[PDB]
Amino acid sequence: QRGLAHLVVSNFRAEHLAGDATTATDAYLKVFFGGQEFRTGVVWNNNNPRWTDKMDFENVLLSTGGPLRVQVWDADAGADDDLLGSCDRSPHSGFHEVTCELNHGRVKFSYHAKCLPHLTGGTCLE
């Protein structure tokens, strides 16, 4: 079947975040694709957080599996957290570096969408 690709998202890092008023940001990420939802740990009190996580989505429908969505959240340990911003990309085959400009600050990451063997093209349809 066509449209299949191995998706891996990695190299997470943000800068100039402002999720709190009296302390530095307590950031964590949510990464969405094809019904899958990965979550990073919280980097407490840092406005330039980095995550070592490498998310293996395995084989997904690159063409119809919706957008790759990255949400940047601040953690307020008093229950309700803050959505600092969200990024949407339509993944293409190959290695790509992404920069999402949030309302305040930005998040950077990379993803690799490797077409399954005997498949080729931007979304592995050929």
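Just count from 1 along the sequence shown to find any residue number.
A.B. asks: If you average the CA temperature factors as listed in the entry, which stretch comes out higher, 32 to 40 or 60 to 68?
C.D. replies: Between 60 to 68 and 32 to 40, it is 60 to 68.
A.B. asks: Could you check which stretch, 69 to 77 or 86 to 94, carries the larger mean CA temperature factor in the entry?
C.D. replies: Between 86 to 94 and 69 to 77, it is 86 to 94 that shows the higher mean C-alpha B-factor.
A.B. asks: Say you rank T25, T22, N103, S110 by Cα B-factor from the PDB entry; which sits at the top?
C.D. replies: The listed residue with the largest C-alpha B-factor is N103.
A.B. asks: Comparing against every modelled residue in the chain, figure out the third that the C-alpha B-factor of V9 lands in (lowest, middle or highest).
C.D. replies: For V9, the deposited C-alpha B-factor lands in the middle third.
A.B. asks: Which third, lowest, middle or highest, does the CA B-factor of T52 fall in along this chain?
C.D. replies: According to the entry, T52 has a C-alpha B-factor in the chain's highest third.
A.B. asks: Among the modelled residues of this chain, does the Cα B factor of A18 put it in the lowest, middle or highest third?
C.D. replies: Middle third.
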